[PDB]
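**Student:** Take a look at the following structure, please.
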Amino acid sequence: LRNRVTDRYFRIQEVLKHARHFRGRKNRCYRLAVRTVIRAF
Amino acid sequence: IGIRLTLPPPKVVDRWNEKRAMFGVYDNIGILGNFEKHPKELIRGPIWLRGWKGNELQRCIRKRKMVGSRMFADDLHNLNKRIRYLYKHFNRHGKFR
Amino acid sequence: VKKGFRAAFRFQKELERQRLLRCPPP
Amino acid sequence: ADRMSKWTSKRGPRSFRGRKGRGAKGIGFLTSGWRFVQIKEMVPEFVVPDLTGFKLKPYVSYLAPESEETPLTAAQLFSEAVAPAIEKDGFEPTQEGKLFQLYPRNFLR
Amino acid sequence: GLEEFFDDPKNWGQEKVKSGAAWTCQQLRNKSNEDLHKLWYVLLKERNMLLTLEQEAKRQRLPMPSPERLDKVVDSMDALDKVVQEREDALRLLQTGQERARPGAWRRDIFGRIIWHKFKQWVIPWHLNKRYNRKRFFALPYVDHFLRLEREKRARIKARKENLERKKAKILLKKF
Amino acid sequence: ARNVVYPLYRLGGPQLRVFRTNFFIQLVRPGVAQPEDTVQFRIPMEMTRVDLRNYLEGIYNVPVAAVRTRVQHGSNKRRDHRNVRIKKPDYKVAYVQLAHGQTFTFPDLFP
Amino acid sequence: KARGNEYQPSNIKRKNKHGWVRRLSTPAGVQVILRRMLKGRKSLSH
Amino acid sequence: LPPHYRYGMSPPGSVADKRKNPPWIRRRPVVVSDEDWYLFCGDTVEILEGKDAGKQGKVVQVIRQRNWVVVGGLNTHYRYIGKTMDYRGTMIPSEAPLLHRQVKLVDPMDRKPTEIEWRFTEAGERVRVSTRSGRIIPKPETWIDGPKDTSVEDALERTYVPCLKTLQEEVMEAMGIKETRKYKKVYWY
RNA sequence: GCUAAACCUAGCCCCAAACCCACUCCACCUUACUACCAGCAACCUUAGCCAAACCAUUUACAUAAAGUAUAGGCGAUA
RNA sequence: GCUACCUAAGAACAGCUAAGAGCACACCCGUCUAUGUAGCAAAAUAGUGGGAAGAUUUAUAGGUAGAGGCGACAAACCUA
RNA sequence: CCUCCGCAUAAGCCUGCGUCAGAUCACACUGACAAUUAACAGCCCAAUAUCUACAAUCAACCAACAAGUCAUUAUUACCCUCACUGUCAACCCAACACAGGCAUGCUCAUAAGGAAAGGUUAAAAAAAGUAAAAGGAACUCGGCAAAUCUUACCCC
Ligand SMILES: [Mg+2]
Ligand SMILES: [Mg+2]
Ligand SMILES: [Mg+2]
Ligand SMILES: [Mg+2]
Ligand SMILES: [Mg+2]
Ligand SMILES: [Mg+2]
Ligand SMILES: [Mg+2]
Ligand SMILES: [Mg+2]
Ligand SMILES: [Mg+2]
Ligand SMILES: [Mg+2]
Ligand SMILES: [Mg+2]
Ligand SMILES: [Mg+2]
Ligand SMILES: [Mg+2]
Ligand SMILES: [Mg+2]
Ligand SMILES: [Mg+2]
């Protein structure tokens, strides 16, 4: 793959660090973490 | 986890190569070699796009008439199929008509 | 392997940050 | 339904198993009652010599010297078909009347 | 008797038998066709001695007593079967002038390729044969496309192989 | 001999005579408590029953009387890391019966 | 009835249908072998 | 051996090789050339760089496939052999291999590490000679027969009188074998 | 802290240049991989999806002149 | 190689009663039921039943092929 | 205690519970070693002529129609002898160690071959049975199923 994204880790962790105090799978799974941290903001 | 643990070996690059330092030499051979040659007559590449920019469909048509007499058998067949596909795409699909 | 260098480097300044919050220096 | 297996004699039905056989180089023929006729002339008899009083053994000794090869070309062996061919100043025209013919190779090994 | 399938019983289970210096093909050239014929039947008597032993080494789960002399003898016969084959192929050129002791001819098969079709020694002429006239040695020009496609498949593999080594030589010159 | 071509004999040609025999045999221990007088070899695959009878009496001077042959299929179900089969080579087995009550039994190699 | 056992094997009928003599018999069948040596199959026939 | 095999210190057919190299490993290969190679087996050399530098030693095993020398008992490390049970086993200082051009061949009289060129002397022909001096460096380094050995006196008997008469026929002319019947001809196609 | 994670290098693509390839031995058109016995023989316009908003004629398979002259349910387009 | 039909040369059909007859096994089919429904099974099991000396069943090799084969038409069957 | 199987052959598969060792519902998997021997069965025939109206059925009476499964002679040619191949198994076709499919010969209850229950408790529901007072189709679309055996008539 020419031009495949290398820093995907730091786009996940800027979302996940606002979701660590949550419950369920929302504190880990990125699909579920975004839909709650958007509603958290 | 897509991120790697060890950072890669350092790419040592010699910016003063024989190729890097004398890149672009004998360009402007036309305007100040009193026009004996053209700068398009020094591009070393394939024989069909040697100083000709074109398109994708224009590249496949030009490849097919200049080289297609001496192409491999399936590579010609994947070239006829691609002109037939790009003809149906550029002329019949898209926005802006 | 992905082609980068900067993404791997910032992960090095993130792992060594975690070391000094997991086993802090005296 | 097995393709990559070798087709040996052990595989087909009764008519198939009896026909093929292994690399036998068979001897005779079959006559009228499934009666086999072994030809004595087509059986390979061995030409074995006698070995008593014979000086050579399967190995040589290491004290024998090292020597360089000489692939015996047809040119080299003509130079020992010269011992009557210098006095004139050995060949066979055909092999039809020979019993060990060279080019239509009559013999074995 | 059967005892010459076996070595001397003072060597049974000795795990080392001192037998070396295989027959190098130069030393067999000096001997006559009489003595090379008698030498063949001595290596036969001793190769058959060794093949019993290694089949009995495998049966009783033991290593061979001395495996290093089995390959001494098999290449000695191969040198012997090389030197004798030189002398026939020497004087088949003198008496006939023509190589390939088996006659053959370059015949194009069905699939358009040419092979060396060796000959098969029959009792009737080739125009009366039931089976040989059922065999077909010619082109039938639908093949001519599949000849070209394999001609490019051979050329492409060859083009790949030539281009690795130039990439491999460059990474060697990028290091030394 | 093997891996060679045989001369074809019509009706009144010469005897087919073999110099420098190509095929090599090996003598084995029987595995199933064979009779006395019966001695078991391993014929290579291209060799006839009478081609073994004349081979022992010719070279080894053994007065052989009855010969039986059978072909042993080598097992093919030996798989790799490539999951492709490996065939152990199938072979031919002699059962030579000696004349005159010569009474041979297989000796103990490796004492 | 039950419907899986549709290969009642035999070796006469296999080699008369998909044998090497049957493939080389018809000029259409010769192209089958050529498409298999081109791909590089291990078994070009039965 | 597999293609792209990795040439270890253990010999390529040992059990201790196949413990390390089963026929399915495809580890990445090593980089290495020029058969005119001055480091032969048994030469006395010295060790330029790394640990145990400057010392002299004989080479025991040379491996051309990875440009290696294994000098005698030197540049070693210590390993356990046997061990067989819950106890130690004894120790060996086991030599690590030494890559070529880290090792220079030493002078025979002057005892200094010198580069070597293969000059062709007239005396015959291609022998290793030093750089700083002359002094050609040589190549460093009872059987009594059993029953199945021939001799030296018989292996060069030169029995061959080279006649034109086809071994299968000369055996037949010399063993008293008579053949009335002639060979009827055959259509070879 | 288990599961696991990471790794460079196999190889490959694209061009240039240069026209490619066939007998160690034996075996292979019969049921190919089979040592061995008395009849036939190759050459025949691609079609169709598709585009025409259906479809029925029709619908592409060095540069420059030139998308010009022409062709076309004079239309899609060629 | 399943199945539809055909060809060649084969095979099978107890017992009892008196002939595309009757009862009835082997064998063939699959009426109605209950189980099964990612099952034992990509159509089976248990009973119950129809036929069972013939327009019967069946092993073997061959033949017909998709613009077609074949068919006691169900638009059936032609490797789920 | 079951035997609805079994033993051969044919077809098929091709070493797939033999020995030794080993890793690792329960100890046919892996490595090495071993075997299946021809006489039964395959693998057949020197030409060119020339012959073959009368079934089989216990083949006799009898009785058929659908008309039937088996034969040489003449002359010429001929005296080499017993090679090759199949032979194992718990097995094949169904993706499986699948209640299925699978030709024939003997055995027709077995001299072969096998094991319905991992252990317990003894709830419901469900299934496969067995027994039932009194009544006997009142059930239900219908006597379906079960149990007993039988009567008459329509439609096609
Ligand atoms: Mg349209
Ligand atoms: Mg429409
Ligand atoms: Mg009836
Ligand atoms: Mg009835
Ligand atoms: Mg019907
Ligand atoms: Mg209808
Ligand atoms: Mg209808
Ligand atoms: Mg058996
Ligand atoms: Mg199934
Ligand atoms: Mg029993
Ligand atoms: Mg229980
Ligand atoms: Mg009641
Ligand atoms: Mg009611
Ligand atoms: Mg009611
Ligand atoms: Mg009922």
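**Student:** Hey, which of the strands (runs of 3 or more DSSP E) in region H:97-189, taking only ones fully inside, have at least 2 residues that are facing chain E (nearest Cβ under 9 Å)? Outline the logic, then answer.
**Tutor:** Values: elements: H:103-105, H:116-120, H:126-130.
Of the strands (runs of 3 or more DSSP E) lying wholly inside region H:97-189, none has at least 2 residues that are facing chain E (nearest Cβ under 9 Å).
**Student:** Now a separate question. Is at least one residue of region F:34-45 more than 16 Å from RNA strand J (Cβ to nearest atom), hydroxyl-bearing (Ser, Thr, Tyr) and more than 25 Å from E:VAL73 (Cα to Cα)? Break it down stepwise before answering.
**Tutor:** Residues of region F:34-45 more than 16 Å from RNA strand J (Cβ to nearest atom): F:34-45.
Keeping just the survivors that are hydroxyl-bearing (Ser, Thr, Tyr) gives F:38.
Checking which are more than 25 Å from E:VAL73 (Cα to Cα) leaves us with F:38.
Yes, the conditions are met somewhere in region F:34-45.
**Student:** Given the options F:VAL93, F:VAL71, name the one that is outside any loop (DSSP other than H, G, I, E, B) and either more than 15 Å from F:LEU27 (Cα to Cα) or in contact with a helix residue (DSSP H, G or I) (Cβ under 7 Å, 6 or more places away or on another chain) (or both).
**Tutor:** Details: F:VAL93 fails: either more than 15 Å from F:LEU27 (Cα to Cα) or in contact with a helix residue (DSSP H, G or I) (Cβ under 7 Å, 6 or more places away or on another chain) (or both).
The conditions single out F:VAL71.
**Student:** Given the options B:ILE1, B:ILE47, name the one that is in a loop (DSSP other than H, G, I, E, B), β-branched (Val, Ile, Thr), within 14 Å of chain A (Cβ to nearest Cβ) and more than 16 Å from RNA strand J (Cβ to nearest atom). Explain how you work it out, then say what you get.
**Tutor:** Details: B:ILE47 fails: within 14 Å of chain A (Cβ to nearest Cβ).
The conditions single out B:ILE1.
**Student:** Condition test on E:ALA57, is it within 16 Å of RNA strand I (Cβ to nearest atom), more than 9 Å from chain D (Cβ to nearest Cβ), surrounded by 14 or more Cβ atoms within 10 Å (Cβ to Cβ) and not in a loop (DSSP other than H, G, I, E, B)? Outline the logic, then answer.
**Tutor:** On the way: within 16 Å of RNA strand I (Cβ to nearest atom): no; more than 9 Å from chain D (Cβ to nearest Cβ): yes; surrounded by 14 or more Cβ atoms within 10 Å (Cβ to Cβ): yes; not in a loop (DSSP other than H, G, I, E, B): yes.
The answer is no for E:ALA57.
**Student:** Return the residue satisfying two criteria in turn: it lies in region D:4-17 and is surrounded by fewer than 12 Cβ atoms within 10 Å (Cβ to Cβ) and either part of a helix (DSSP H, G or I) or more than 6 Å from RNA strand K (Cβ to nearest atom) (or both), and of such residues it is nearest to the other protein chains (Cβ to nearest Cβ).
**Tutor:** D:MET4
**Student:** Tally time: how many residues in region G:2-36 are within 8 Å of RNA strand I (Cβ to nearest atom) and assigned to a loop (DSSP other than H, G, I, E, B)?
**Tutor:** 1
**Student:** Return the residues of region F:45-65 that are in a loop (DSSP other than H, G, I, E, B), away from RNA strand K (no atom under 12 Å from the Cβ) and either among the hydrophobic types (A, V, I, L, M, F, W, C) or out of contact with any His (no Cβ under 9 Å at 6 or more places or on another chain) (or both); say none if nothing qualifies.
**Tutor:** If we filter region F:45-65 for residues that are in a loop (DSSP other than H, G, I, E, B), which is where we start, we get F:45-48, F:61-63.
Then keep just the ones that are away from RNA strand K (no atom under 12 Å from the Cβ); that gives F:61-63.
Once the filter is applied, which keeps residues that are in a loop (DSSP other than H, G, I, E, B), away from RNA strand K (no atom under 12 Å from the Cβ) and either among the hydrophobic types (A, V, I, L, M, F, W, C) or out of contact with any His (no Cβ under 9 Å at 6 or more places or on another chain) (or both), region F:45-65 yields F:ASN61, F:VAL62.
**Student:** Please count how many residues of region E:7-41 are within 7 Å of another protein chain (Cβ to nearest Cβ), surrounded by fewer than 20 Cβ atoms within 10 Å (Cβ to Cβ) and touching a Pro at 6+ places or on another chain (Cβ under 7 Å).
**Tutor:** 3
**Student:** Please specify each residue of region D:45-97 satisfying the condition of being surrounded by 13 or more Cβ atoms within 10 Å (Cβ to Cβ) and outside any loop (DSSP other than H, G, I, E, B).
**Tutor:** Within region D:45-97, D:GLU45, D:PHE46, D:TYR59, D:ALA74, D:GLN76, D:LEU77, D:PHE78 qualify.
**Student:** When you go through H:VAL59, H:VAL69, H:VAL45 one by one, which is the residue that is surrounded by 15 or more Cβ atoms within 10 Å (Cβ to Cβ), touching an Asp or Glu at 6+ places or on another chain (Cβ under 8 Å) and not in a loop (DSSP other than H, G, I, E, B)? If you could, list the steps in order and put the result at the bottom.
**Tutor:** On the way: H:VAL69 fails: touching an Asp or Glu at 6+ places or on another chain (Cβ under 8 Å); H:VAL45 fails: touching an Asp or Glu at 6+ places or on another chain (Cβ under 8 Å).
Criteria check complete, one pass: H:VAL59.
**Student:** Would you point out which residue out of D:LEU30, D:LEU51, D:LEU102 is away from RNA strand I (no atom under 16 Å from the Cβ), within 29 Å of the chain's Cα centre (by Cα) and either of a type in the set (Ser, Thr, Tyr) or on the phi < 0 side of the Ramachandran plot (or both)? Let's see the steps before the verdict.
**Tutor:** Details: D:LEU30 fails: away from RNA strand I (no atom under 16 Å from the Cβ); D:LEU102 fails: away from RNA strand I (no atom under 16 Å from the Cβ).
Matching residue, one of D:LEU30, D:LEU51, D:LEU102: D:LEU51.
**Student:** Another one. Condition test on E:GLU99, is it at the interface with chain D (Cβ under 10 Å from one of its Cβ atoms) and out of contact with any helix residue (DSSP H, G or I) (no Cβ under 6 Å at 6 or more places or on another chain)?
**Tutor:** Yes.
**Student:** Next question, about the same structure. Take region F:38-78 and flag every residue that is among the β-branched types (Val, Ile, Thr), more than 9 Å from chain D (Cβ to nearest Cβ) and under 25 Å from F:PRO89 (Cβ atoms).
**Tutor:** F:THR38, F:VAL39, F:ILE43, F:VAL67, F:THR69
**Student:** Taking region G:6-46 as the search range and keeping residues that are loosely packed, with under 12 Cβ neighbours inside 10 Å and more than 7 Å from RNA strand J (Cβ to nearest atom), which one is farthest from the other protein chains (Cβ to nearest Cβ)?
**Tutor:** Filtering first and then ranking leaves G:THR26.
**Student:** Quick test for you: out of F:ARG53, F:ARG85, pick the one residue that is among the basic types (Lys, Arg) and surrounded by fewer than 16 Cβ atoms within 10 Å (Cβ to Cβ). Please lay out each step first, then the result.
**Tutor:** Values: F:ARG53 fails: surrounded by fewer than 16 Cβ atoms within 10 Å (Cβ to Cβ).
Just one listed residue meets the conditions, F:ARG85.
**Student:** Residue under question is E:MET49, and the condition is that it be under 29 Å from E:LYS118 (Cβ atoms) and assigned to a helix (DSSP H, G or I); does it hold?
**Tutor:** Numbers: under 29 Å from E:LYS118 (Cβ atoms): no; assigned to a helix (DSSP H, G or I): yes.
It is false that E:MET49 is under 29 Å from E:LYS118 (Cβ atoms) and assigned to a helix (DSSP H, G or I).
**Student:** Just give me the residues in region E:43-67 being polar (S, T, N, Q) and in contact with a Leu (Cβ under 7 Å, 6 or more places away or on another chain), in sequence order. Give the derivation first.
**Tutor:** If we filter region E:43-67 for residues that are polar (S, T, N, Q), which is where we start, we get E:48, E:52, E:55, E:60, E:66.
Listed by number, the list holds a single entry, E:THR52.
**Student:** Moving on. Got a number for residues in region E:102-142 being over 28 Å from D:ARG109 (Cα atoms) and within 7 Å of another protein chain (Cβ to nearest Cβ)?
**Tutor:** Step one: filter region E:102-142 for residues over 28 Å from D:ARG109 (Cα atoms), giving E:108-114, E:127-131, E:133-142.
Add one more test, that the residue is within 7 Å of another protein chain (Cβ to nearest Cβ), and what stays is E:110-111, E:140, E:142.
Adding up the residues that qualify gives 4.
**Student:** A further question on this structure: Kindly check whether there is at least one residue in region E:148-155 that is away from chain G (no Cβ under 14 Å) and either of a type outside the set (S, T, N, Q) or under 29 Å from the mean Cα position of the chain (by Cα) (or both). Lay out the reasoning, then the answer.
**Tutor:** Pass one, region E:148-155, residues away from chain G (no Cβ under 14 Å): none.
No.
When we count neighbours, we look across all protein chains shown, and the Cβ atoms used for this are built from the backbone with ideal geometry, even at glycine. We did not get these values from a lab; they are worked out from the coordinates using the rules stated.
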